[PDB]
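So this block is model.cif, mmCIF, C-alpha atoms and all ligand atoms:
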data_model
loop_
_atom_site.label_atom_id
_atom_site.label_comp_id
_atom_site.auth_asym_id
_atom_site.auth_seq_id
_atom_site.Cartn_x
_atom_site.Cartn_y
_atom_site.Cartn_z
CA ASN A 1 0.00 0.00 0.00
CA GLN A 2 1.03 3.54 -0.76
CA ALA A 3 -1.02 4.10 2.42
CA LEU A 4 1.93 2.69 4.36
CA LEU A 5 4.02 5.89 3.89
CA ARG A 6 2.96 9.26 5.24
CA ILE A 7 4.01 12.28 3.23
CA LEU A 8 4.50 14.75 6.05
CA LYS A 9 3.89 18.45 5.97
CA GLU A 10 6.56 20.62 7.60
CA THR A 11 4.10 21.53 10.39
CA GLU A 12 3.58 17.86 11.26
CA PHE A 13 6.94 17.19 12.79
CA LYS A 14 9.29 19.11 15.02
CA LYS A 15 13.00 18.61 15.58
CA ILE A 16 13.69 19.08 19.28
CA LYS A 17 17.16 17.67 20.06
CA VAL A 18 20.16 16.27 18.20
CA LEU A 19 20.64 12.46 18.31
CA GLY A 20 23.80 12.35 16.18
CA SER A 21 25.43 13.56 13.02
CA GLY A 22 27.91 12.54 10.39
CA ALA A 23 28.90 13.03 6.79
CA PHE A 24 25.49 11.78 5.60
CA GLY A 25 23.21 13.98 7.68
CA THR A 26 21.88 14.80 11.11
CA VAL A 27 19.37 12.76 13.14
CA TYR A 28 17.06 14.57 15.56
CA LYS A 29 14.80 13.45 18.35
CA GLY A 30 11.46 15.07 17.81
CA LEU A 31 7.71 14.85 17.69
CA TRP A 32 5.31 13.76 14.99
CA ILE A 33 2.14 15.81 15.42
CA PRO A 34 -0.23 14.53 12.72
CA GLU A 35 -2.89 16.96 11.59
CA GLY A 36 -6.42 16.02 12.55
CA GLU A 37 -5.17 13.81 15.39
CA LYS A 38 -4.76 14.58 19.08
CA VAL A 39 -1.36 12.99 19.70
CA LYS A 40 2.32 13.86 19.86
CA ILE A 41 4.47 10.87 18.90
CA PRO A 42 8.22 10.67 19.75
CA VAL A 43 10.14 10.09 16.55
CA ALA A 44 13.60 10.24 15.08
CA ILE A 45 14.05 12.54 12.07
CA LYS A 46 17.03 12.04 9.76
CA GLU A 47 17.74 15.00 7.51
CA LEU A 48 20.02 13.97 4.68
CA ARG A 49 22.61 16.43 3.37
CA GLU A 50 21.27 18.52 0.47
CA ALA A 51 22.24 17.07 -2.90
CA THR A 52 23.27 19.19 -5.88
CA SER A 53 21.43 16.73 -8.16
CA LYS A 54 17.44 11.88 -7.81
CA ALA A 55 13.92 12.76 -8.90
CA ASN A 56 11.14 12.98 -6.33
CA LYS A 57 9.31 10.06 -7.94
CA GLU A 58 12.36 7.77 -7.65
CA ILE A 59 12.95 8.80 -4.04
CA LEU A 60 9.32 8.09 -3.19
CA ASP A 61 9.58 4.73 -4.96
CA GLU A 62 12.43 3.77 -2.64
CA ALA A 63 10.70 5.27 0.40
CA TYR A 64 7.61 3.14 -0.26
CA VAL A 65 9.78 0.03 0.02
CA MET A 66 11.20 1.24 3.35
CA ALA A 67 7.63 1.88 4.53
CA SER A 68 6.58 -1.62 3.46
CA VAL A 69 8.94 -3.61 5.66
CA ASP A 70 6.90 -5.52 8.27
CA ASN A 71 9.21 -7.31 10.68
CA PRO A 72 9.92 -6.72 14.39
CA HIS A 73 13.68 -6.58 13.80
CA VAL A 74 13.81 -4.16 10.86
CA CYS A 75 13.07 -0.44 11.11
CA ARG A 76 10.10 0.82 9.08
CA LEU A 77 9.83 4.25 7.48
CA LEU A 78 6.82 6.04 8.97
CA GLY A 79 6.99 9.29 7.00
CA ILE A 80 8.97 11.38 4.55
CA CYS A 81 9.21 15.12 3.90
CA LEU A 82 10.71 16.29 0.57
CA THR A 83 11.96 19.88 0.50
CA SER A 84 15.43 21.08 -0.41
CA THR A 85 16.42 18.01 1.64
CA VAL A 86 15.09 14.49 2.22
CA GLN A 87 13.84 13.99 5.78
CA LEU A 88 13.05 10.47 6.97
CA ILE A 89 10.82 9.95 10.01
CA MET A 90 10.62 6.74 12.02
CA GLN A 91 9.89 5.61 15.54
CA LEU A 92 12.35 6.69 18.21
CA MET A 93 14.61 3.88 19.48
CA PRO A 94 15.35 5.31 22.94
CA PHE A 95 18.40 3.21 23.86
CA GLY A 96 20.30 4.25 20.72
CA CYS A 97 22.64 2.19 18.59
CA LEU A 98 23.64 -1.27 19.76
CA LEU A 99 27.39 -0.61 19.36
CA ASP A 100 27.35 2.24 21.87
CA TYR A 101 24.92 0.32 24.11
CA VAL A 102 27.25 -2.67 24.39
CA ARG A 103 30.27 -0.42 25.05
CA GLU A 104 28.39 1.47 27.76
CA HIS A 105 26.84 -1.57 29.46
CA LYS A 106 29.50 -4.20 28.97
CA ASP A 107 30.03 -5.03 32.62
CA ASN A 108 26.28 -5.78 32.91
CA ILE A 109 25.60 -7.76 29.70
CA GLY A 110 25.05 -11.50 30.04
CA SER A 111 25.27 -14.37 27.57
CA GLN A 112 21.54 -14.69 27.01
CA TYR A 113 21.27 -11.00 26.01
CA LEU A 114 24.15 -11.37 23.56
CA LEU A 115 22.81 -14.51 21.91
CA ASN A 116 19.28 -13.09 21.74
CA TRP A 117 20.63 -10.07 19.85
CA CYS A 118 22.35 -12.44 17.40
CA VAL A 119 19.01 -14.21 16.82
CA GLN A 120 17.13 -10.95 16.32
CA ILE A 121 19.63 -9.52 13.88
CA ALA A 122 19.59 -12.78 11.91
CA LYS A 123 15.78 -12.69 11.83
CA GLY A 124 15.74 -9.13 10.48
CA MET A 125 18.38 -9.98 7.87
CA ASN A 126 16.50 -13.12 6.82
CA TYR A 127 13.45 -10.91 6.35
CA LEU A 128 15.41 -8.48 4.14
CA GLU A 129 16.61 -11.49 2.12
CA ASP A 130 13.01 -12.69 1.70
CA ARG A 131 12.21 -9.17 0.42
CA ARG A 132 15.23 -9.43 -1.98
CA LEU A 133 16.86 -6.44 -0.27
CA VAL A 134 20.64 -6.39 0.15
CA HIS A 135 21.61 -4.24 3.10
CA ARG A 136 25.31 -3.47 2.22
CA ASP A 137 26.14 -1.80 5.56
CA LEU A 138 25.25 -4.19 8.40
CA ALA A 139 27.30 -3.33 11.51
CA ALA A 140 26.61 -2.98 15.22
CA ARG A 141 26.37 0.79 14.68
CA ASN A 142 23.40 0.14 12.34
CA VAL A 143 21.35 -1.87 14.83
CA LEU A 144 19.10 0.24 17.06
CA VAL A 145 17.87 -0.68 20.55
CA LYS A 146 14.13 -0.16 21.08
CA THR A 147 14.35 -1.84 24.48
CA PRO A 148 17.32 -3.86 25.81
CA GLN A 149 15.95 -7.09 24.34
CA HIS A 150 14.26 -5.71 21.22
CA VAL A 151 16.62 -4.54 18.49
CA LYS A 152 16.10 -3.53 14.88
CA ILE A 153 18.28 -3.17 11.80
CA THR A 154 18.47 0.31 10.24
CA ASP A 155 20.54 2.27 7.65
CA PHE A 156 19.53 0.62 4.41
CA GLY A 157 17.51 1.64 1.39
CA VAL A 158 32.87 2.58 2.36
CA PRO A 159 32.78 0.21 5.38
CA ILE A 160 35.81 -1.81 4.32
CA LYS A 161 36.27 -3.55 7.66
CA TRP A 162 32.74 -5.03 7.49
CA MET A 163 32.88 -5.95 3.80
CA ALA A 164 33.21 -9.33 2.19
CA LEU A 165 36.34 -9.72 0.11
CA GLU A 166 34.30 -9.88 -3.14
CA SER A 167 32.70 -6.51 -2.29
CA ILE A 168 36.11 -4.91 -1.73
CA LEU A 169 37.64 -6.39 -4.87
CA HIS A 170 34.73 -6.57 -7.31
CA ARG A 171 31.95 -4.39 -5.85
CA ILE A 172 29.72 -7.47 -5.67
CA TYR A 173 27.01 -7.18 -3.00
CA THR A 174 24.66 -10.06 -2.23
CA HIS A 175 22.80 -11.57 0.68
CA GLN A 176 25.96 -13.67 1.20
CA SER A 177 28.13 -10.56 1.47
CA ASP A 178 25.63 -9.35 4.08
CA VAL A 179 26.35 -12.63 5.95
CA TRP A 180 30.03 -11.66 6.11
CA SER A 181 29.03 -8.34 7.67
CA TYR A 182 26.77 -10.22 10.09
CA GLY A 183 29.79 -12.22 11.27
CA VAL A 184 31.71 -8.99 11.90
CA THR A 185 28.67 -7.58 13.74
CA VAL A 186 28.56 -10.66 15.98
CA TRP A 187 32.27 -10.18 16.62
CA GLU A 188 31.59 -6.59 17.70
CA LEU A 189 28.91 -7.76 20.14
CA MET A 190 31.01 -10.56 21.62
CA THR A 191 33.93 -8.20 22.21
CA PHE A 192 31.58 -5.66 23.84
CA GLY A 193 32.14 -3.25 20.99
CA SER A 194 35.80 -3.56 20.06
CA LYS A 195 36.90 -2.00 16.76
CA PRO A 196 37.66 -4.64 14.05
CA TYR A 197 41.24 -4.53 12.77
CA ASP A 198 41.87 -1.61 15.09
CA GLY A 199 44.47 0.82 13.76
CA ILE A 200 44.89 -0.96 10.40
CA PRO A 201 44.47 1.22 7.28
CA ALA A 202 41.44 0.34 5.17
CA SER A 203 43.65 -0.33 2.12
CA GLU A 204 45.53 -3.09 4.02
CA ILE A 205 42.45 -5.15 4.89
CA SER A 206 42.17 -7.06 1.61
CA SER A 207 45.75 -8.35 2.04
CA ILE A 208 44.93 -9.54 5.57
CA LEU A 209 41.95 -11.48 4.26
CA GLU A 210 43.86 -12.81 1.24
CA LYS A 211 46.51 -14.28 3.54
CA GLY A 212 43.81 -16.16 5.47
CA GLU A 213 43.85 -14.01 8.59
CA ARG A 214 40.57 -13.18 10.30
CA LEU A 215 39.25 -11.37 13.34
CA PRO A 216 40.44 -13.22 16.47
CA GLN A 217 38.30 -15.38 18.73
CA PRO A 218 36.68 -13.20 21.44
CA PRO A 219 37.58 -14.57 24.90
CA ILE A 220 33.95 -15.19 25.82
CA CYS A 221 33.25 -17.24 22.68
CA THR A 222 33.41 -21.00 22.80
CA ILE A 223 34.57 -22.88 19.71
CA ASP A 224 31.06 -23.46 18.35
CA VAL A 225 30.32 -19.72 18.36
CA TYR A 226 33.63 -18.72 16.83
CA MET A 227 33.18 -21.42 14.16
CA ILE A 228 29.89 -19.80 13.07
CA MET A 229 31.63 -16.43 12.83
CA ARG A 230 34.53 -17.92 10.84
CA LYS A 231 32.06 -19.59 8.47
CA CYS A 232 30.62 -16.13 7.72
CA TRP A 233 34.12 -15.13 6.49
CA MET A 234 34.75 -17.89 3.96
CA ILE A 235 36.13 -16.63 0.68
CA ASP A 236 33.48 -18.74 -1.12
CA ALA A 237 30.28 -16.76 -0.62
CA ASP A 238 28.09 -19.84 -1.07
CA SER A 239 29.95 -21.67 1.70
CA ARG A 240 28.89 -19.07 4.23
CA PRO A 241 25.80 -19.79 6.33
CA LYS A 242 22.39 -18.56 5.27
CA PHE A 243 20.53 -16.20 7.56
CA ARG A 244 17.81 -18.85 7.99
CA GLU A 245 20.52 -21.22 9.28
CA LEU A 246 21.95 -18.55 11.55
CA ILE A 247 18.50 -18.08 13.14
CA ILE A 248 18.31 -21.79 13.89
CA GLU A 249 21.86 -22.08 15.28
CA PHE A 250 21.77 -18.98 17.44
CA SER A 251 18.26 -19.86 18.66
CA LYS A 252 19.65 -23.20 19.80
CA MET A 253 22.53 -21.50 21.56
CA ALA A 254 20.19 -19.01 23.24
CA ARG A 255 18.41 -22.01 24.83
CA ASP A 256 21.66 -22.94 26.70
CA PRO A 257 23.64 -19.69 26.84
CA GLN A 258 26.16 -20.79 29.45
CA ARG A 259 27.22 -23.69 27.22
CA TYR A 260 28.16 -21.35 24.40
CA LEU A 261 29.55 -18.20 26.02
CA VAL A 262 31.86 -18.02 29.02
CA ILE A 263 31.53 -14.50 30.39
CA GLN A 264 33.25 -12.69 33.21
CA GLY A 265 32.48 -14.55 36.42
CA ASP A 266 31.30 -17.83 34.85
CA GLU A 267 32.84 -21.03 36.14
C1 LIG A 301 26.12 3.76 16.91
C2 LIG A 301 26.23 5.29 16.85
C3 LIG A 301 24.88 5.92 16.36
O1 LIG A 301 24.37 5.45 15.35
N1 LIG A 301 24.38 6.93 17.10
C4 LIG A 301 23.20 7.50 16.66
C5 LIG A 301 21.96 7.07 17.15
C6 LIG A 301 20.76 7.62 16.65
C7 LIG A 301 19.50 7.22 17.11
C8 LIG A 301 19.28 7.19 18.45
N2 LIG A 301 17.99 6.82 18.66
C9 LIG A 301 17.41 6.64 17.49
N3 LIG A 301 16.13 6.28 17.21
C10 LIG A 301 15.72 6.16 15.93
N4 LIG A 301 16.60 6.38 14.89
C11 LIG A 301 17.87 6.74 15.17
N5 LIG A 301 18.71 6.90 14.09
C12 LIG A 301 18.28 6.84 12.78
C13 LIG A 301 19.01 6.12 11.82
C14 LIG A 301 18.61 6.09 10.47
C15 LIG A 301 17.47 6.81 10.04
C16 LIG A 301 17.06 6.80 8.67
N6 LIG A 301 16.30 5.58 8.32
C17 LIG A 301 14.98 5.43 8.38
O2 LIG A 301 14.22 6.34 8.73
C18 LIG A 301 14.61 4.18 8.02
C19 LIG A 301 13.42 3.55 7.93
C20 LIG A 301 13.35 2.22 7.52
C21 LIG A 301 14.52 1.55 7.21
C22 LIG A 301 15.72 2.24 7.33
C23 LIG A 301 15.75 3.52 7.73
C24 LIG A 301 16.76 4.38 7.93
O3 LIG A 301 17.95 4.10 7.73
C25 LIG A 301 16.77 7.56 10.99
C26 LIG A 301 17.17 7.59 12.35
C27 LIG A 301 18.32 6.90 16.47
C28 LIG A 301 20.89 8.67 15.70
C29 LIG A 301 22.13 9.14 15.23
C30 LIG A 301 23.28 8.53 15.70
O4 LIG A 301 24.53 8.97 15.30
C31 LIG A 301 24.71 8.92 13.89
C32 LIG A 301 26.19 9.20 13.60
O5 LIG A 301 26.97 8.27 14.37
#
As structure tokens, how would this structure be written, given the file I've shared?
Ligand SMILES: *CCC(=O)Nc1cc(-c2c[nH]c3ncnc(Nc4ccc(CN5C(=O)c6ccccc6C5=O)cc4)c23)ccc1OCCO
Amino acid sequence: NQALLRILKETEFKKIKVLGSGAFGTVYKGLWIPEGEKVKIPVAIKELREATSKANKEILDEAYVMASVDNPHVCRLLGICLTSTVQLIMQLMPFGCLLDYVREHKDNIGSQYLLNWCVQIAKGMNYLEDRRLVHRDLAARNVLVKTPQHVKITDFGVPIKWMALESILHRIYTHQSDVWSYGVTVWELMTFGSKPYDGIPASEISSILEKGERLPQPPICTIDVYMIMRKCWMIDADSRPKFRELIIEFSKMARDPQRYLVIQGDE
């Protein structure tokens, strides 16, 4: 349905505070105040940087897809405002991005939380695959925390250190290159937000991968968890797991979390 996407008037939303900013734009915490309603809805508003040159119809075409996603672990576009800039409106995710959440809360994050996040991210990615949507930038920074045990993928619709080798070398992006990025994302979570290949120039990463080197086993990970991660980083894209398999395997591990992760204080 085109009814799934609200075209917002400028009076219908208000930017109140800054949530974050970067080269691509600024995200604000604000309020959606729909006309003819009696409510004020907390939202996040991303204002993209103004472009010197796509056409409004093509933008709306893409926005409709983002408004059509229907899965508890993928963000949905609630509204759009087209002016000199593109502004994207979606529900506020009050706990912020998962990367910063895990860094801030590391001393209080247990194994069942970690494995549940892995399940949820795999479910959202499997949904994108069912919709034939390749993400291209999955990373812990692009998972948002609605509540501590409800997360959602965002930032879809160059991150060399998350990229599959065939994306770096040949600009090939597929669901299987997203699986590589998923493995790096899991590595970020299991290290409580460490930086992959910290301090290594982006242009050196392909030679690391070519030589057969990979991100190291996080101390908390048992062999079965690290083996899943390593399988996501096979050179042969079709030898990597599928997201539907990752759901099954991490769901199994989340049923016995102390078997699969050994966290600070475990015996
Ligand atoms: C990890 C560092 C970080 O990202 N910080 C950071 C957090 C936020 C942030 C905090 N709470 C938020 N709630 C909701 N949304 C955002 N951010 C956000 C991201 C993307 C978009 C644009 N957008 C959509 O609207 C949409 C809809 C469907 C599918 C995909 C998308 C989509 O990508 C809007 C809002 C929250 C904001 C900014 C932050 O810092 C950024 C620079 O590090």
Checklist line | Spatial neighbours of stretch 149-159 of chain A, 7 Å, all atoms listed in the file, chain gap at least 3 places, as a PyMOL selection string | finding: chain A and resi 62+66+72-75+113+117+120-121+124+135+137+142-146+162-163
Note to self: Just to confirm, what's the straight-line distance from atom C24 of ligand LIG 301 (chain A) to atom CA of residue A:8 in Å (one decimal)?
What the structure shows: 16.2 Å
Notebook entry, point to check: In Å to one decimal, how far is atom CA of residue A:264 from atom CA of residue A:107?
Noted result: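 So the answer is 8.3 Å.
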Next item on the list: Go through A:186, A:47, A:216, A:251 and flag the residue nearest residue A:23, using only C-alpha atoms for the distances.
Entry: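 For residue A:23, the nearest of the candidates is A:47.
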Check: How would you write as a VMD selection string the residues that get within 12 Å of (20.8, -21.3, 24.4) in the file's frame, counting all atoms listed in the file?
Finding: chain A and resid 111 to 116 118 to 119 225 247 to 261
Note to self: Please compute the atom CA of residue A:44-atom CA of residue A:181 distance, one decimal, in Å.
What the structure shows: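 Atom CA of residue A:181 lies at a distance of 25.3 Å from atom CA of residue A:44.
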Sort by chain and increasing residue number a table of all residues of chain A within 6 Å of ligand LIG 301 (chain A), each with its closest pair of atoms and their distance in Å to one decimal, counting all atoms listed in the file, and write it as JSON lines.
{"residue": "A:19", "atom": "CA", "partner": "A:LIG301", "partner_atom": "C28", "distance": 4.6}
{"residue": "A:20", "atom": "CA", "partner": "A:LIG301", "partner_atom": "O4", "distance": 3.6}
{"residue": "A:21", "atom": "CA", "partner": "A:LIG301", "partner_atom": "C32", "distance": 4.5}
{"residue": "A:22", "atom": "CA", "partner": "A:LIG301", "partner_atom": "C32", "distance": 4.9}
{"residue": "A:27", "atom": "CA", "partner": "A:LIG301", "partner_atom": "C29", "distance": 5.0}
{"residue": "A:44", "atom": "CA", "partner": "A:LIG301", "partner_atom": "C10", "distance": 4.7}
{"residue": "A:45", "atom": "CA", "partner": "A:LIG301", "partner_atom": "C25", "distance": 5.8}
{"residue": "A:46", "atom": "CA", "partner": "A:LIG301", "partner_atom": "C25", "distance": 4.7}
{"residue": "A:66", "atom": "CA", "partner": "A:LIG301", "partner_atom": "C20", "distance": 4.8}
{"residue": "A:75", "atom": "CA", "partner": "A:LIG301", "partner_atom": "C20", "distance": 4.5}
{"residue": "A:76", "atom": "CA", "partner": "A:LIG301", "partner_atom": "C20", "distance": 3.9}
{"residue": "A:77", "atom": "CA", "partner": "A:LIG301", "partner_atom": "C19", "distance": 3.7}
{"residue": "A:88", "atom": "CA", "partner": "A:LIG301", "partner_atom": "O2", "distance": 4.6}
{"residue": "A:89", "atom": "CA", "partner": "A:LIG301", "partner_atom": "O2", "distance": 5.1}
{"residue": "A:90", "atom": "CA", "partner": "A:LIG301", "partner_atom": "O2", "distance": 4.9}
{"residue": "A:91", "atom": "CA", "partner": "A:LIG301", "partner_atom": "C10", "distance": 5.9}
{"residue": "A:92", "atom": "CA", "partner": "A:LIG301", "partner_atom": "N3", "distance": 3.9}
{"residue": "A:93", "atom": "CA", "partner": "A:LIG301", "partner_atom": "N3", "distance": 3.6}
{"residue": "A:94", "atom": "CA", "partner": "A:LIG301", "partner_atom": "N2", "distance": 5.3}
{"residue": "A:96", "atom": "CA", "partner": "A:LIG301", "partner_atom": "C8", "distance": 3.9}
{"residue": "A:97", "atom": "CA", "partner": "A:LIG301", "partner_atom": "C1", "distance": 4.2}
{"residue": "A:99", "atom": "CA", "partner": "A:LIG301", "partner_atom": "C1", "distance": 5.2}
{"residue": "A:100", "atom": "CA", "partner": "A:LIG301", "partner_atom": "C1", "distance": 5.3}
{"residue": "A:141", "atom": "CA", "partner": "A:LIG301", "partner_atom": "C1", "distance": 3.7}
{"residue": "A:154", "atom": "CA", "partner": "A:LIG301", "partner_atom": "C22", "distance": 4.4}
{"residue": "A:155", "atom": "CA", "partner": "A:LIG301", "partner_atom": "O3", "distance": 3.2}
{"residue": "A:156", "atom": "CA", "partner": "A:LIG301", "partner_atom": "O3", "distance": 5.1}
Next item on the list: In the coordinates of the file, take the point (-0.4, 8.5, 7.3) and a cut-off of 10 Å; then, counting only C-alpha atoms, name each qualifying protein, DNA or RNA residue as a count of residues only.
Entry: 11
Note to self: Considering all atoms listed in the file, can you say which of A:17, A:231, A:54, A:103 comes closest to residue A:189?
What the structure shows: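 Among the listed residues, the smallest separation from residue A:189 belongs to A:103.
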Edge lengths and centre in Å to one decimal, as AutoDock Vina command-line options, of the axis-aligned box that encloses all listed atoms of stretch 34-39 of chain A with 3 Å added on every side?
--center_x -3.3 --center_y 15.0 --center_z 15.6 --size_x 12.2 --size_y 10.0 --size_z 14.1
Check: For residue A:226, which residue among A:266, A:183, A:18, A:245 is the nearest when counting all atoms listed in the file?
Finding: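 Nearest to residue A:226: A:183.
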Could you rebuild stretch 86-111 of chain A with N, CA and C atoms and give it back as a PDB file, keeping the file's coordinate frame?
ATOM      1  N   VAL A  86      15.898  15.671   1.872  1.00  0.00           N
ATOM      2  CA  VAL A  86      15.090  14.490   2.220  1.00  0.00           C
ATOM      3  C   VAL A  86      15.122  14.335   3.729  1.00  0.00           C
ATOM      4  N   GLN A  87      13.949  14.287   4.353  1.00  0.00           N
ATOM      5  CA  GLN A  87      13.840  13.990   5.780  1.00  0.00           C
ATOM      6  C   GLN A  87      13.030  12.716   5.960  1.00  0.00           C
ATOM      7  N   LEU A  88      13.617  11.785   6.692  1.00  0.00           N
ATOM      8  CA  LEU A  88      13.050  10.470   6.970  1.00  0.00           C
ATOM      9  C   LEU A  88      12.615  10.415   8.421  1.00  0.00           C
ATOM     10  N   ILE A  89      11.386   9.979   8.669  1.00  0.00           N
ATOM     11  CA  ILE A  89      10.820   9.950  10.010  1.00  0.00           C
ATOM     12  C   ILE A  89      10.496   8.507  10.373  1.00  0.00           C
ATOM     13  N   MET A  90      10.978   8.068  11.526  1.00  0.00           N
ATOM     14  CA  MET A  90      10.620   6.740  12.020  1.00  0.00           C
ATOM     15  C   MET A  90      10.521   6.769  13.540  1.00  0.00           C
ATOM     16  N   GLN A  91      10.023   5.664  14.098  1.00  0.00           N
ATOM     17  CA  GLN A  91       9.890   5.610  15.540  1.00  0.00           C
ATOM     18  C   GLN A  91      11.222   5.854  16.242  1.00  0.00           C
ATOM     19  N   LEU A  92      11.164   6.540  17.380  1.00  0.00           N
ATOM     20  CA  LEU A  92      12.350   6.690  18.210  1.00  0.00           C
ATOM     21  C   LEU A  92      12.728   5.351  18.843  1.00  0.00           C
ATOM     22  N   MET A  93      14.030   5.077  18.867  1.00  0.00           N
ATOM     23  CA  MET A  93      14.610   3.880  19.480  1.00  0.00           C
ATOM     24  C   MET A  93      15.393   4.388  20.681  1.00  0.00           C
ATOM     25  N   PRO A  94      14.796   4.435  21.877  1.00  0.00           N
ATOM     26  CA  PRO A  94      15.350   5.310  22.940  1.00  0.00           C
ATOM     27  C   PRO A  94      16.720   4.904  23.455  1.00  0.00           C
ATOM     28  N   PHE A  95      17.114   3.640  23.315  1.00  0.00           N
ATOM     29  CA  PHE A  95      18.400   3.210  23.860  1.00  0.00           C
ATOM     30  C   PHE A  95      19.525   3.393  22.855  1.00  0.00           C
ATOM     31  N   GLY A  96      19.228   3.880  21.656  1.00  0.00           N
ATOM     32  CA  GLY A  96      20.300   4.250  20.720  1.00  0.00           C
ATOM     33  C   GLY A  96      20.857   3.061  19.958  1.00  0.00           C
ATOM     34  N   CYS A  97      22.056   3.254  19.402  1.00  0.00           N
ATOM     35  CA  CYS A  97      22.640   2.190  18.590  1.00  0.00           C
ATOM     36  C   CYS A  97      23.254   1.103  19.473  1.00  0.00           C
ATOM     37  N   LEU A  98      23.211  -0.128  18.955  1.00  0.00           N
ATOM     38  CA  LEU A  98      23.640  -1.270  19.760  1.00  0.00           C
ATOM     39  C   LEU A  98      25.140  -1.232  20.039  1.00  0.00           C
ATOM     40  N   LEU A  99      25.945  -0.714  19.095  1.00  0.00           N
ATOM     41  CA  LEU A  99      27.390  -0.610  19.360  1.00  0.00           C
ATOM     42  C   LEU A  99      27.673   0.212  20.616  1.00  0.00           C
ATOM     43  N   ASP A 100      27.095   1.407  20.708  1.00  0.00           N
ATOM     44  CA  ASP A 100      27.350   2.240  21.870  1.00  0.00           C
ATOM     45  C   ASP A 100      26.702   1.650  23.116  1.00  0.00           C
ATOM     46  N   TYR A 101      25.559   0.962  22.963  1.00  0.00           N
ATOM     47  CA  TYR A 101      24.920   0.320  24.110  1.00  0.00           C
ATOM     48  C   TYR A 101      25.826  -0.748  24.705  1.00  0.00           C
ATOM     49  N   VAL A 102      26.419  -1.591  23.859  1.00  0.00           N
ATOM     50  CA  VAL A 102      27.250  -2.670  24.390  1.00  0.00           C
ATOM     51  C   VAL A 102      28.528  -2.099  25.021  1.00  0.00           C
ATOM     52  N   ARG A 103      29.112  -1.054  24.429  1.00  0.00           N
ATOM     53  CA  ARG A 103      30.270  -0.420  25.050  1.00  0.00           C
ATOM     54  C   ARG A 103      29.923   0.172  26.406  1.00  0.00           C
ATOM     55  N   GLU A 104      28.750   0.806  26.516  1.00  0.00           N
ATOM     56  CA  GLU A 104      28.390   1.470  27.760  1.00  0.00           C
ATOM     57  C   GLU A 104      27.993   0.482  28.838  1.00  0.00           C
ATOM     58  N   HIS A 105      27.416  -0.660  28.470  1.00  0.00           N
ATOM     59  CA  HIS A 105      26.840  -1.570  29.460  1.00  0.00           C
ATOM     60  C   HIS A 105      27.593  -2.874  29.580  1.00  0.00           C
ATOM     61  N   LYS A 106      28.841  -2.905  29.133  1.00  0.00           N
ATOM     62  CA  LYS A 106      29.500  -4.200  28.970  1.00  0.00           C
ATOM     63  C   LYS A 106      29.582  -4.966  30.284  1.00  0.00           C
ATOM     64  N   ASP A 107      29.879  -4.278  31.387  1.00  0.00           N
ATOM     65  CA  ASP A 107      30.030  -5.030  32.620  1.00  0.00           C
ATOM     66  C   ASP A 107      28.714  -5.643  33.096  1.00  0.00           C
ATOM     67  N   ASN A 108      27.585  -5.261  32.508  1.00  0.00           N
ATOM     68  CA  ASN A 108      26.280  -5.780  32.910  1.00  0.00           C
ATOM     69  C   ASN A 108      25.558  -6.525  31.796  1.00  0.00           C
ATOM     70  N   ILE A 109      26.265  -7.042  30.801  1.00  0.00           N
ATOM     71  CA  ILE A 109      25.600  -7.760  29.700  1.00  0.00           C
ATOM     72  C   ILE A 109      25.921  -9.246  29.790  1.00  0.00           C
ATOM     73  N   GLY A 110      24.866 -10.067  29.916  1.00  0.00           N
ATOM     74  CA  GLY A 110      25.050 -11.500  30.040  1.00  0.00           C
ATOM     75  C   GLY A 110      24.948 -12.247  28.701  1.00  0.00           C
ATOM     76  N   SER A 111      25.217 -13.551  28.783  1.00  0.00           N
ATOM     77  CA  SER A 111      25.270 -14.370  27.570  1.00  0.00           C
ATOM     78  C   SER A 111      23.899 -14.484  26.904  1.00  0.00           C
TER      79      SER A 111
END
